[PDB]
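Here is how the chains run, residue by residue.
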Amino acid sequence: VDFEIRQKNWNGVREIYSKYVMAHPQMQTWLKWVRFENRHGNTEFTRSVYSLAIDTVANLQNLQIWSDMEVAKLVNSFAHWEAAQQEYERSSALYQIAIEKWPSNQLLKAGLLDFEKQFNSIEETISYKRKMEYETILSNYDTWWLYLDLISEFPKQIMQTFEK
Amino acid sequence: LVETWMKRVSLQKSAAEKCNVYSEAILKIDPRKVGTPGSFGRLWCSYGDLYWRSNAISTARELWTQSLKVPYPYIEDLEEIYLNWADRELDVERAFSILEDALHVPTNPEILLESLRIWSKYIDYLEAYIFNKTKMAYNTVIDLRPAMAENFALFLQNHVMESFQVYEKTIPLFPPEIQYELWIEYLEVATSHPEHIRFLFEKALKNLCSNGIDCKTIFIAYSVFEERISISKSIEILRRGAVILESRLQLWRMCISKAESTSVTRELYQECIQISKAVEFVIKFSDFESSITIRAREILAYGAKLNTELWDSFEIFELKXXXXXXXXXXXXXXXXXX
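Per the PDB record, this model was obtained through cryo-EM at a reported resolution of 3.85 Å.

Structural data, given as structure tokens:
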């Protein structure tokens, strides 16, 4: 790629990037490609690339690739690209789709929360705080966790988890 | 560049004669005023100033001519004319007019790119001069890119919701001197008054780990915040932050402070001590032991084993025993031997 960038042209490189996913279906690859398109002038292809990547993720949804982490990272990157761009509606839709299409949404929810914070407050504090409780649980400030839940709540889960 | 201004200087003895030289030389083409100066050059500006000295309407019109005379590939050329036209206008409707002009400039410069000093000036104008518009300018300025100012103004006129989104702005200004920004926001957020705040603090901490600057301070902010909310596990949070070289030294001092403020205390002492600075830490925790006779003695011995200030410590311990003193002599002798 470096050679083909040191080579001044920016076509056929595209094809090899496409193939570079084919050999290394890794999110790092995709991210690198996106970075390249960032160097590239035409922003249309950047979005197009994102669309492609997301589509591929969708298609091979089931456990046959990378973990939740990589996908989360991808979604985050996409979200911030869109954030630079105009259409936040589509970002929102994607987020909803993401939570819809994917379960086990700790990473995903976290990213979403962050975006919300950037771009509501109660929600952010709520979900994020809850995550902190989960994190808290993982550590053991368990009292602090339960208390937090109680305050934040929902109240059935506060008292059920409180009992627990 | 200087020749023109020399001519003008000569003219200055009387009225506009070689000011008209400048006017003539600059009005022929852009190359003689804009192209002559590699960087920004106040020739048009100079003319305007001269006219100002002479009269007001003529100065405004001369100045207008300057504006019309489009400068070269240079920054802050027509901003000083627009600044001397803003102040002049004011000396708050004419000033507003200059602000409108500034707005155009902002639009036109941003547009041109796809002006920073100019932007700042605009902000100063819209803030000093009603509030929403100023906010808008702030937003625009942010996009283009200080936020402290925004926070301050917001705090003042709107009296923490304006400074909450100002806090967001600071967060979003991922530009350098960001640790300070985050810290300032945190400070404001506690004083303007909560779990959201805590979360924010955490975020700041985790993200600003490779700062190497006010890590101790950050830790204090965290632990302090926790205390305010409430407690001792938050002292362990501070401790943790402090435990994670010379920034870390300061951290460890912070830990010491916390730990002296504090079984759990003993644990803390053990930690900090274990973590040259280490020797000092040992002195600290050894002292702590001294507060907490056998165990303390052991601790002291351990510390010693890790130069002459340690002798003093040992002596002190021996006060807290004839046999102990004898031991002290023994250990001291051994140390000397080494």
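After that view, the rundown keeps rolling.
J.: Looking at this structure, how should I read the overall build of chain A?
T.: Along its length, chain A carries ten helices and zero strands. Its helices and strands taken in sequence order, chain A reads α-α-α-α-α-α-α-α-α-α from the N to the C terminus. Against the globule reference of 15 Å for 164 residues, chain A gives a C-alpha radius of gyration of 20 Å, more extended than a compact globule. Each of the three principal axes of chain A carries a C-alpha extent, and together these read 65 × 35 × 25 Å.

J.: Before we go on, may I ask you to explain the overall build of chain B in this structure?
T.: Counting secondary structure elements, chain B contains 21 helices and zero strands. Taken along the three principal axes of its C-alpha coordinates, chain B extends 100 × 50 × 35 Å.

J.: Explanation requested: unusual backbone geometry in the structure shown.
T.: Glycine aside, residues mostly have negative phi angles, and peptide bonds mostly take the trans form. We note that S104 of chain A has phi near 55°; this positive angle belongs to a residue other than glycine. One non-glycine residue, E76 of chain B, lies in the positive phi region at around 65°. Its location among the elements puts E76 of chain B in the loop between α5 (57–68) and α6 (79–90).

J.: Is there a simple way to explain the packing of helix α3 (residues 27–39) of chain A against helix α5 (residues 68–84) of chain A in this structure?
T.: Packed helices, taken two at a time, are described by their axes: the angle between them and the distance between them. Residues and elements named next belong to chain A. It is the contact of α3 with α5, at a shortest axis distance of 9 Å, that shows an interaxial angle of 15°. Taken together, the axes of α3 and α5 are roughly parallel relative to one another. Note on packing geometry: the crossing formed by α3 with α5 is left-handed. Mapping the contact onto sequence places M27, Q28, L31 and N38 in α3 and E70, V71, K73, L74, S77 and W81 in α5. Along the lines of polarity and charge, the residues of the contact of α3 with α5 split into five nonpolar, three polar and two charged.

J.: Would you explain the pattern of salt bridges in this entry?
T.: Between side chains of opposite charge, a pair can form when the charged atoms approach closely. Residues and elements named next belong to chain A. As a salt-bridge pair, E37 and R14 come within 3.3 Å of each other at their nearest N and O atoms. A residue pair is termed long-range when its members are at least 10 positions apart, and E37 in helix α3 and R14 in helix α2 (residues 13–23) qualify at 23 residues. Each of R47, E82 and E87 takes part in one network of salt bridges that share partners.

J.: I keep staring at the packing of aromatic side chains and nothing clicks. Help me out?
T.: One pair of aromatic rings is described through two measures. These are the centre distance and the angle between the planes. All names here are of chain A. Between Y17 and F36 the ring centres are 4.6 Å apart and the planes differ by 45°, which places this aromatic pair in the tilted class. One end of the pair, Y17, is in helix α2; the other, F36, is in helix α3, with 19 residues separating them in the sequence. Among the aromatic residues, ring-to-ring pairing joins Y17, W30, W33 and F36 into one connected group.

J.: What is the right way to look at the packing of helix α7 (residues 106–118) of chain A against helix α8 (residues 121–139) of chain A in this model?
T.: Residues and elements named next belong to chain A. Between α7 and α8, the least distance of the axes is 9 Å, while the angle of their chain directions is 155°. As the angle between them shows, α7 and α8 are arranged roughly antiparallel. Our pair here, α7 against α8, has a crossing hand that is left-handed. Contacts from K109, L113 and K117 of α7 reach α8 at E123, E124, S127 and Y128. The class makeup of the residues in the contact of α7 with α8 is two nonpolar, one polar and four charged.

Cut-offs applied
- Residues numbered from 1 in each chain as written, not as in the entry; some residues may be left out.
- Chains lettered and ligands numbered in written order.
- Part of a larger assembly, values for the part shown.
- Heavy atoms only, no water.
- Residues with missing side-chain atoms left out of burial classes, pairs and counts.
- Helix = DSSP H or I, 4+ residues; strand = E, 2+ residues; numbered from the N terminus.
- Rg over C-alpha atoms; globule rule 2.2 N^0.38 Å.
- Axes fitted to C-alpha atoms, helices over the stretch in contact; angles between N-to-C directions.
- Parallel < 35°, antiparallel > 145°, perpendicular 65-115°, else oblique.
- Left-handed = near helix turned anticlockwise from the far one by under 90°.
- Contact = heavy atoms within 4.5 Å.
- Nonpolar A, V, L, I, M, F, W, Y, C, P; charged D, E, K, R; others polar.
- Salt bridge = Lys/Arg side-chain N within 4 Å of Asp/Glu carboxyl O.
- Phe/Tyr/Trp six-rings, centres within 6.5 Å; stacked < 30°, edge-to-face > 60°.

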